[PDB]
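Asks: Before I ask anything, here is the structure I am working with.
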Amino acid sequence: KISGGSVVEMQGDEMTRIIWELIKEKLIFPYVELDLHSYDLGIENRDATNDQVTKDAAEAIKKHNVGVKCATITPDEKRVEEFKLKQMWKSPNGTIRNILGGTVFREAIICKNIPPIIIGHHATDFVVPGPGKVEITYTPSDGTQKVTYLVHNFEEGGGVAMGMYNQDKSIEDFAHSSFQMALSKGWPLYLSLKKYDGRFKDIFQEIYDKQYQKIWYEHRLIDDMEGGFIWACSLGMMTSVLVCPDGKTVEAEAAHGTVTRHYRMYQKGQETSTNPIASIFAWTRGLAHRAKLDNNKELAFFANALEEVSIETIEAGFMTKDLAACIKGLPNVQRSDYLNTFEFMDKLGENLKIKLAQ
Amino acid sequence: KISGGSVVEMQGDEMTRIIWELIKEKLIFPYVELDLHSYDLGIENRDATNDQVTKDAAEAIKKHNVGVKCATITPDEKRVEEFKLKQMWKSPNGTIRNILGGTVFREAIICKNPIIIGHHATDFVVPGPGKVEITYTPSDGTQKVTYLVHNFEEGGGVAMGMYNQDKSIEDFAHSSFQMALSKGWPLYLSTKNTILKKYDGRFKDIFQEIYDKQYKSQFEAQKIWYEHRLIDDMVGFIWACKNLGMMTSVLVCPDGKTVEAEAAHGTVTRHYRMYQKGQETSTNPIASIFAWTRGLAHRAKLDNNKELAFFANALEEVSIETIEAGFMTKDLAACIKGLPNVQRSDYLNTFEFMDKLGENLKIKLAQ
Ligand SMILES: NC(=O)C1=CN([C@@H]2O[C@H](COP(=O)(O)OP(=O)(O)OC[C@H]3O[C@@H](n4cnc5c(N)ncnc54)[C@H](OP(=O)(O)O)[C@@H]3O)[C@@H](O)[C@H]2O)C=CC1
Ligand SMILES: NC(=O)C1=CN([C@@H]2O[C@H](COP(=O)(O)OP(=O)(O)OC[C@H]3O[C@@H](n4cnc5c(N)ncnc54)[C@H](OP(=O)(O)O)[C@@H]3O)[C@@H](O)[C@H]2O)C=CC1
Ligand SMILES: Cc1cc(Cc2ccc(O)cc2)n(O)c(=O)c1
């Protein structure tokens, strides 16, 4: 068995929780040993501990550099009645992301028989009661000049206004994180309010020509945008990853939520078909990054090999129902076209046993 | 021939000009008489009269309530070279949309082989450390209220200001409420007023205030409604959002009376450079067509014109069923079979397809 190493892991809620534990038992644990830092971010325990588990996991990823997350219920009032929650806890994803910072990257996992691009996305509001000038001024620390611009002269009635700012560090971190991400994937990077979006274009060209393999970098405009490049700005085949600026810290996760409807059938006793692929690839991306930080040739191999098996299994006709309805059309799907949740996991395990045996 | 009424019409540029005249000669004029208020918004005539023609149309739509516009070249430096323009004239749409006001509505046209969305700046660069503030100074010399946008203490960056008046927000409501009632469709407003508690909050409220004071009645009167949402949770309805040869843009004035319609695609220059060269083209008229039927059907409503209203409805159907039965342009055939696999016997060119819509409009109307 591979010594993978130190990996933070957060468990979730409902249907993705069922799949999380399956992934560990049929795909991960049987081939890899981890010095595992589990945190139980299920809604019940988050409530029980006063969203404390959530803070504890986040600091761990800050400490051990690698996190993989199971999808988690975010509370609104309907949930608060359901779990009798003592408060309406903020999303753990929000909680975690502030503590760690960085930029998210959503990659669709591409299968060859279904209908890659990595997109990475990146204030003072008030009420103007009645008429009057609303201006925005800038006064440098060395008291040399006062530059004041007029946002609008309210002559009509009143209304609403707002202010928005931005420091260089934040944009430099968009750049670093985006250029670094381009080399890890070996893909070209593209970057898509005359003077606002302009300041973005520059710091990119400046970090590019200062630190940053048969690769390059370019700029564009929204509407101007074969497939296989990094772009800076079924669901169960989406994989978002939060990349911290330093380049060391990484958190991986499914891009879908907890699939409650499938879980409600699971409870009722009915047969389901939840796509594990998103949650799966959350693990392999985190494991492969662990491998990078540790120069772990054995592990790195395993990570890629499991990403392989997953794609080859669907490419071979064995798949779940969300994928079978994407190929054939929902109303035209027969039961012998897809596998259920527990059978598709069996096939991957069987193909992972064989693929890894050779 | 049906008595249509008072309708402003503006001719456009390049390929949309070719298709436009095909629409009038082969689909509209042969069945409908209009008191026609043509204005020629071609880049030349706009140049020649000093974009005057453009202003004349706006006040014309402002007067007669119903307008249909053909896609029109917007000048950039390159265009000024081609035509030797005397100036780089503002978009005709920019001009016209200022004079009339209202809210644009883009509706995607569904072929079986719909959502109506209607959407709603001062930026500068912060060189080095220092405070950027945004202030409010009332007209009645009362206190001046100062908010701090941010104190940059390390280095620089960027900042910006953004506004919105109530008149602006109140006109968003109506234009969105009118369009929902015209369509017998439910209305949803997607704000982001969790983050922006005081900004979009003003949006969310002014919407719930208009709903009651005037529109809760008539909404139940068509078993329809209105609700508010937040962007990601919103993920046959009218969608208001605080922010291709089958796309149809329509400007709804708040009053409910004035309406200007047009295809959402541009002048299709590439196909036109082929047209000039003498080569065979294949451009989609449905959008340009549907502009007419939205403006004609709006005309019919204001005037109790069952004859016109049917005809409008009848033509829109002809367009959709003509494609739903397999006769289409190349952009649509490339949607079905994939771009690299498109054979010529899959699609019709511009002049064969207009023929087919015309033929089908003869038989349909015969019934
Ligand atoms: N912490 C996190 O990472 C996130 C958490 N959430 C949470 O999800 C909870 C409710 O789930 P909800 O947002 O409504 O539903 P989902 O976000 O999980 O996805 C909605 C629909 O997409 C389909 N879907 C998504 N993933 C899969 C999959 N692996 N296999 C098959 N189908 C899939 C299902 O379609 P179908 O109808 O066919 O069954 C599902 O009903 C919320 O309480 C919210 O807090 C939301 C977003 C991310
Ligand atoms: N005043 C107005 O109403 C508007 C004016 N414009 C002006 O149009 C001019 C040029 O527009 P441009 O952006 O280049 O072209 P378009 O915006 O119209 O679209 C360009 C391409 O999109 C495809 N396309 C769009 N509509 C159709 C259609 N009906 N049938 C088939 N294909 C279509 C074509 O691709 P393909 O080549 O592969 O076939 C076409 O070459 C500009 O100067 C611009 O200012 C732009 C928007 C509205
Ligand atoms: C100049 C201009 C153009 C459009 C339409 C448009 C279409 C395609 C495109 O790529 C960009 C603009 N409108 O609506 C305006 O008010 C003003």
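Counting begins at 1 with the first residue displayed.
How was it done? The header gives X-ray crystallography, 3.3 Å.
Cβ atoms here come from the backbone N, Cα and C positions, even for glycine.
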Asks: If you check Swiss-Prot for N6-acetyllysine, which of B:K90, B:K197, B:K277 comes up?
Replies: B:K277
Asks: Looking at B:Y39, B:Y147, B:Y199, B:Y215, which residue has the phosphotyrosine feature per Swiss-Prot?
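Replies: Cross-referencing B:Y39, B:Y147, B:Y199, B:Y215 with Swiss-Prot, phosphotyrosine lands on B:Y39.
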Asks: Compared by Cα position, which of the modified residues B:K204, B:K223, B:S345, B:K356 is the closest one to B:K192 (site 'Critical for catalysis')?
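Replies: Ranked by Cα distance from B:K192 (site 'Critical for catalysis'), first place goes to B:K204.
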Asks: Using Cβ atoms only, which residues of the same chain lie under 8 Å from B:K277 (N6-acetyllysine) while being at least 6 residues apart in sequence?
Replies: none
Asks: Including all protein chains shown, what's the count of other C-beta atoms within 10 A of the C-beta of B:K356 (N6-succinyllysine)?
Replies: 16
Asks: Between B:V235 and B:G236 this deposited model leaves 8 residues unbuilt; compute the CA-CA distance across that break and give it in Å as an integer.
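Replies: So the two residues bracketing the gap are 14 Å apart at Cα.
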Asks: Can you give me the Cα-Cα distance between B:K223 (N6-acetyllysine) and B:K213 (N6-acetyllysine) in Å, rounded to a whole number?
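Replies: On Cα coordinates alone, these residues lie 18 Å apart.
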Asks: Return the count of C-beta atoms lying within 10 angstroms of the C-beta of B:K223 (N6-acetyllysine), excluding that atom itself.
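Replies: The answer is 8 other Cβ atoms.
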Asks: Do you know offhand how many angstrom separate B:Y39 (phosphotyrosine) and B:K78 (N6-acetyllysine) by C-alpha?
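Replies: If we compare the Cα positions of B:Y39 (phosphotyrosine) and B:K78 (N6-acetyllysine), the gap is 25 Å.
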Asks: Expressed to the nearest Å, what is the distance separating B:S345 (phosphoserine) and B:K204 (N6-acetyllysine) at their Cα atoms?
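Replies: On Cα coordinates alone, these residues lie 52 Å apart.
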Asks: List the Cα distance (Å, whole number) between B:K213 (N6-acetyllysine) and B:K204 (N6-acetyllysine).
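Replies: Computed Cα spacing between B:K213 (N6-acetyllysine) and B:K204 (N6-acetyllysine) is 15 Å.
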